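For reference, the structure is listed below as structure tokens.
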Amino acid sequence: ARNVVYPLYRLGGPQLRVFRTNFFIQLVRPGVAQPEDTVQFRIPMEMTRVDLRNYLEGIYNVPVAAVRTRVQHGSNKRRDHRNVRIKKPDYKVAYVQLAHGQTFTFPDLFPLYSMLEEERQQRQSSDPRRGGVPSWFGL
Amino acid sequence: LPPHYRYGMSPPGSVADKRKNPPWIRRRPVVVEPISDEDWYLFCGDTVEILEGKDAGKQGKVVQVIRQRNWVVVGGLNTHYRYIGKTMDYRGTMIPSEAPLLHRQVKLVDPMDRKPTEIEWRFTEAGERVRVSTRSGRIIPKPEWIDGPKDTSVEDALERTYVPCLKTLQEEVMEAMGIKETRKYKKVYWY
Amino acid sequence: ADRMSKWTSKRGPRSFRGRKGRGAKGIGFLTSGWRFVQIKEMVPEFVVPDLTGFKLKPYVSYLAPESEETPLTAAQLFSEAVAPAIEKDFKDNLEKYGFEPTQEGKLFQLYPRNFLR
Amino acid sequence: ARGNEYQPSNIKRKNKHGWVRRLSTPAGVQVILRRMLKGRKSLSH
Amino acid sequence: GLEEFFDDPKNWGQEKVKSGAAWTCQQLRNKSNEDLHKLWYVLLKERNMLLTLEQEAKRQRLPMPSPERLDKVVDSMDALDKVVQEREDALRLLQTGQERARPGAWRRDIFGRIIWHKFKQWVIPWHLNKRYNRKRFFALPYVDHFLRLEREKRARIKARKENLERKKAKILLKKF
Amino acid sequence: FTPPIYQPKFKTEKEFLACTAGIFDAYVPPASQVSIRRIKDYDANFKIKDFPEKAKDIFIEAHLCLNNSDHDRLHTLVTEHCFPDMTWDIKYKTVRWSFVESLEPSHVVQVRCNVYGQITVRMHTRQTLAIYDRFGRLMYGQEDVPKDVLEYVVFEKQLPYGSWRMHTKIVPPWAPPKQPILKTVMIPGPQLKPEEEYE
Amino acid sequence: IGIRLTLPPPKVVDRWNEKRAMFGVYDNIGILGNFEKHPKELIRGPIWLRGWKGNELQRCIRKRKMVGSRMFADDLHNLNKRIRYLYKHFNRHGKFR
RNA sequence: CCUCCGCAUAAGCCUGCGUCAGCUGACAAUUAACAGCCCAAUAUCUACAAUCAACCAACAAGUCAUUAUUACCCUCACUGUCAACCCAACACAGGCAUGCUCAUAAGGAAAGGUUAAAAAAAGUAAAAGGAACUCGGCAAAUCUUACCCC
RNA sequence: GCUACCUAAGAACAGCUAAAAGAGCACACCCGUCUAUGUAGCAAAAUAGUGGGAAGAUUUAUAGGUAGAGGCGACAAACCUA
RNA sequence: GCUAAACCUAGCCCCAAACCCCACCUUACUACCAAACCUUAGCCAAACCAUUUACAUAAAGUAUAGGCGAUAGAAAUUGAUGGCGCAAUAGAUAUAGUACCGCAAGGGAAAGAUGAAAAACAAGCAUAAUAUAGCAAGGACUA
Ligand SMILES: Nc1nc2c(ncn2[C@@H]2O[C@H](COP(=O)(O)OP(=O)(O)OP(=O)(O)O)[C@@H](O)[C@H]2O)c(=O)[nH]1
Ligand SMILES: [Mg+2]
Ligand SMILES: [Mg+2]
Ligand SMILES: [Mg+2]
Ligand SMILES: [Mg+2]
Ligand SMILES: [Mg+2]
Ligand SMILES: [Mg+2]
Ligand SMILES: [Mg+2]
Ligand SMILES: [Mg+2]
Ligand SMILES: [Mg+2]
Ligand SMILES: [Mg+2]
Ligand SMILES: [Mg+2]
Ligand SMILES: [Mg+2]
Ligand SMILES: [Mg+2]
Ligand SMILES: [Mg+2]
Ligand SMILES: [Mg+2]
Ligand SMILES: [Mg+2]
Ligand SMILES: [Mg+2]
Ligand SMILES: [Mg+2]
């Protein structure tokens, strides 16, 4: 969970449990060639790799073998009309290596006008012989 | 939206609207009389009569209502003509485009008299709020699915499974799922 | 020299970059030799229910009737949960009806709240 | 020979013009108060 | 499985995906805590799938198929969270009379401003907490001048706004 | 010594429907009572025996409007599908179109039919043209000598306040070639690139 | 080029709006009302110059005296500076003596 | 043809020559073992440099250690990881710590094209003479004595 | 964050000669004697050559300290963000 | 005919009335370890400067103070519905305390103009370089 105060744990205390998870993640096509067992996710910044492992293992029942994380810096170079820097949000990227020899590949997602088209068909482009003379007149 | 944004015919978030009103424009604000929400009497679908300009007297149907500028668009009325699809070579095609009309320039029409009428927001015991024509009486009426795989059935959505109890969702779910926790939360200091 | 850009862990020298985090909640502590000891109880445990047989869906059919919003209140909850028992026992020590004098002793204390979400 | 008097180092930057140091003394608190009154986006360096 | 991060294969490439309506707060209020708990994860999985769709659409430079369902899912999750928060608030008020889940106090910071300082969890008492003791929750007399200056700045802003509004109203009356 | 003064940087980092698409059923020049009823039931007042006179009047008045570039009236006199054909190629050039007595009475040919009317009228009239340039120099047709024109004019109507306006002129493949142009023209051959060779 | 190329929008002045029509009424309230009210009491404006006139220095002194305590901090600082400067100007500068 | 360099770390900056389509917008990317981020107390310990540490040599006397009890089963979290880069208003002949490469396996291009006027800068060569120049052997070339003032 | 000085804990000093050197020749490095160029310049003090030191009172990275009727100063009235 | 020119409202000025989720003092915006109160000075005037020098009405610029001089200065007593404002070099610095500049305190900008609907004449030059001689013009002249 994010944007919530974690109940402070003291030795011998109860297990910390989150019932309504606040984290929402994205599965993103890698920008570079990746091993067949690796899945790339975009994650909330406050989520740990342990949290991601538990999240995937519980909500999705995905057997996770390893998790690595890196914070990708968002560009702060673009400037608006007022010359004020526009910050692309920094995000977190997690690489999850599946277990039990399981393999994953990003699926191949994404595999009046009639009058306009018919008038374009009926354009009747002016012939060179007409020499710019309007051809509408029947004479 | 940016302050003093000039509402136009295009919706306030379309490509055309962004093109016409980029963030840096500072055009003079348009003066519009302050018609209260409880005094607005033109609605989408109302049959209206044009009082001024070309096609004055003709009665049409309101197609759009840009309330922020006291505008009503009468379908196929108050029309100029513009070219759509005009490319470098093709001249394009002529299309009739409606222009906005002010509520002062437009008046509602009696449902049966088919004549312009002045209107009042008179309360009625049955129709708590409804329009009433003044010059000839009568109330002008206000004009106006298959479940998918991820859509709940109506009966399921309306099933009242809630049992008012003094248990938090956390402990209720713990009881439901059988999670057993014996450790007692040690006290902490708040400040 | 950049005063406006947000201060993150990517900016300072090695010590600053190591020390500053990204808001991720801690999981354990550090012992001698910089060995990190991870406490299992500090790791949030996702209490995921069994969704098998669940009839609800992320969306609701538009055919559902419209209703008036009535935000739940303490008075409404008391009427719907405690009032029946109170009436039935009065017609014939509030802990019997549900009231607890103190939240201490409960795993889920209502105030100060000691549970996630 | 001159001009490059600024040899950046975040440690010195924060230890010389940081929020903690500005609040460390009453004068720096007034510095921050002046910046807030003026409406500065960056109160401390 | 990871297939739950993507819509049904039949819907891949569809220009439009037919969707229901977002859950309403009143509709959710009739559901049990267990039902809301399960619906939370149902909506979470749907939200993850829709966010994946949005990101892949951006990657492919193609319009997202039916983006409105993402807003519907977000609204449904917000409504469920609001219902749960309402139930928790009612129970907390009944059992303790506290309107706020997190302890806090009205305090005057070092700058003389009145703030609602939210308490934090500590293992040691405050009188022993060194860093907390370093923090200052009082304003010395030199801050009164700046407090007055800020008050006068606020008053000037308010007066300017009110005068502008009245002048605009007069201009409108003249025009009509 | 006096330090140099820098000016502000910004000073130097400034930087700069009521129509149809064509013809529903093309009439091929050398049983429409269903469409006649389909228009009667929606109009409540119409006379096929009298329509040709109104059609001829509208045709002549629209061409006279072309004479003066009265686009305001042309808009109501011709359909939007026809207006660009009426007025596009004639921009920036004066036209002296005139009408002279017809040769045979105009009569309807056939009629067909959210809902749009359609009437085909055959006219064999006599007309005159004199199309000039931007500079007022004749480039098409004698202004005095008239010519015989055979036309198949198709009107369309909107079915609430719409009227009958010229929609399209059907030119049969067997129609005689129009009047020859006055100025000689050239039709360039393929502008070949170096590698290309003429074929 | 410091001249506008179009006539400015016509300025219509209603000489018979209530304010102009009733302007000056009760200016003789004193002499025509048994002197119960002095005409200067009809003056509506700043409290420190109601029925009183003076040069800028006197006006500033009166403003400080009468509403100085209620002035904003920087406005009062500016008024004190203005009073000091006007004193210096009127008491040390000028053609005559 | 040049190689001042170059490759990394540090510091600094913060996406700043990756892809796509029109410098701009979008898309992608830096994955911890390397580094940072440490230590339960209470007392108690510790004279004998380094210098290949061995002769020897010292002086300026020097960078490295535990014990005795009591506590103590959860182990791999978080953050940096890109670049043609930073400080000099600049694609600035300047400044910029360290390890290797001691001239490179790495990195680069002094000439936009033409002509070959004066004047100007840098360089090479010079008949005979060899300081006659000049304030002064400044500069250049050679590899040169002896003496004064401070 | 420059510079004057200092504090903590670091780093650099090829090769040759002499032996233990505030020694000699001479790299890196530091400095800036003289000349020429430049003088709105590559540079708000630089470039090329030449030159002084280059195991020491040396040079230098990091953090900290001394603040203006003050600091610091191998006193040049030097330096303390051109 | 190019550069360009213009515009009217964004707002502002003076008054009156009225009193106005989470994170963050550690290297701020980082979940979680054994102490405040203390005379203002100076410029400036005295033609220097040294004592000294201002910070409702009426009494009254009076009594008084004062290198008795520049100047300072009471009290008793008296009773107390808006714009002959600005209109983009103006009016707030303000489109903004932003951009930008400085290590920091701090300094601190510029500018916009169509329409009911966009879902419709400065300078400088060019047209058109130039003719002996001259503060460039004046008297003139057919020129
Ligand atoms: N002199 C002046 N009169 C003002 C000012 N602002 C408002 N008014 C006057 O206030 C009166 C009442 O204003 P309205 O808007 O009619 O009424 P209202 O809102 O009840 O007025 P307020 O209580 O003053 O806010 C009018 O006569 C205004 O001219 C101002 O700044 N100066
Ligand atoms: Mg990492
Ligand atoms: Mg330095
Ligand atoms: Mg080159
Ligand atoms: Mg050249
Ligand atoms: Mg010779
Ligand atoms: Mg000799
Ligand atoms: Mg001589
Ligand atoms: Mg001589
Ligand atoms: Mg020499
Ligand atoms: Mg050596
Ligand atoms: Mg030596
Ligand atoms: Mg020294
Ligand atoms: Mg001396
Ligand atoms: Mg001297
Ligand atoms: Mg200086
Ligand atoms: Mg004096
Ligand atoms: Mg301005
Ligand atoms: Mg001109």
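Observations, loosely collected:
- When the Cα positions of F:172, F:94, F:131 are compared along the charge dipole of chain F, F:94 comes out farthest toward the positive end, with charges on each C-beta of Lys, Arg, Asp and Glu.
- Distance violations [Cα-Cα > 20 Å] among C:25/C:106; B:58/F:56; B:54/F:93; F:56/F:169; C:6/E:118; A:88/E:45: C:25/C:106; B:58/F:56; B:54/F:93; C:6/E:118; A:88/E:45
- Centre separation in Å (Cα based) which lies between segment B:51-112 and segment A:69-139: 32
- Entry note, chain G: relative contact order of 14 percent, from Cα contacts under 8 Å with a spacing of 6+ residues.
- With R₀ set to 51 Å, the beta-carbon distance separating residue A:110 from residue B:153 gives a calculated FRET efficiency near 0.95.
- Over chain E: helical MRE at 222 nm, DSSP H runs n ≥ 4 each giving -39500 (n - 2.57), nearest 500: -19500 deg cm²/dmol
- Candidate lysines - alpha carbon under 26 Å from residue G:37, same-chain residues fewer than 8 apart omitted: G:19, G:53, G:63, G:65
- The residues packed around residue G:78, meaning those with a beta-carbon under 13 Å from its beta-carbon, carry a net charge of +2 if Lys and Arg are +1 and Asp and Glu are -1.
- A Förster radius of 45 Å combined with the Cβ-Cβ distance from residue A:29 to residue B:87 puts the calculated FRET efficiency at roughly 0.80.
- Of all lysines in the structure, those lying under 24 Å Cα to Cα from residue F:11, and not within fewer than 8 positions of it along the same chain, are A:77, D:41.
- Here segment D:19-45 and segment G:21-59 have alpha carbon centers that stand 50 Å from each other.
- Net charge in the neighbourhood of residue F:22 (other residues with Cβ under 10 Å of its Cβ; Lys, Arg +1, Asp, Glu -1) is -2.
- Note on chain C: helix-only mean residue ellipticity at 222 nm, from DSSP H runs of 4+ residues weighted -39500 (n - 2.57) and normalised by residue number, equals -5000 deg cm²/dmol.
- For the peptides F:53-63, A:78-88, the ranking by packing is F:53-63, A:78-88, with the highest mean count of neighbouring Cβ atoms within 10 Å listed first.
- The mean count of C-beta atoms from other chains within 10 Å of the C-beta of residues in E:49-62, rounded to a whole number, is 4.
- Most positive-pole-ward Cα, A:7, A:93, A:110, against dipole of chain A from beta carbon charges: A:7
- Close amide H pairs (under 5 Å, H built 1.01 Å from N) link residue F:149 with F:125, F:126, F:127, residues at least 5 positions away or on another chain.
- Rounded to 10°, Cα long-axis angle of helix E:68-96 versus longest principal axis of chain E: 50
- Debye, to nearest 20: dipole size of the protein assembly as shown, +1 on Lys, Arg Cβ, -1 on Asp, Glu Cβ: 9760
- Computed over neighbours whose Cβ is under 12 Å from that of residue E:74, the net charge equals -4, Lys and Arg +1, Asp and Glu -1.
- Alpha-carbon centroid distance for the pair segment F:3-21 / segment E:130-176, whole angstrom: 35
- Ordering C:46, E:129, A:64 by Cα displacement along the dipole of the protein assembly as shown toward the positive end leaves E:129 in first place; charges were set at the Cβ atoms of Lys, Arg (+1) and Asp, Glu (-1).
- Each stretch of four or more DSSP H residues adds -39500 (n - 2.57); spread over every residue of chain F, this sum gives -6000 deg cm²/dmol at 222 nm.
- Each residue, residue G:19 and residue G:53, gets one label point 7 Å from its Cα in the Cβ direction; the gap between the two is 2.2 nm.
- Rounded to 0.05, the FRET efficiency of the residue G:73 and residue E:107 pair, given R0 = 22 Å and the Cβ-Cβ distance, is 0.30.
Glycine also receives a Cβ, built like all others from the backbone with ideal geometry; neighbour counts cover every protein chain displayed. A short reminder: the numbers here are calculations on the coordinates, not readings from a lab.
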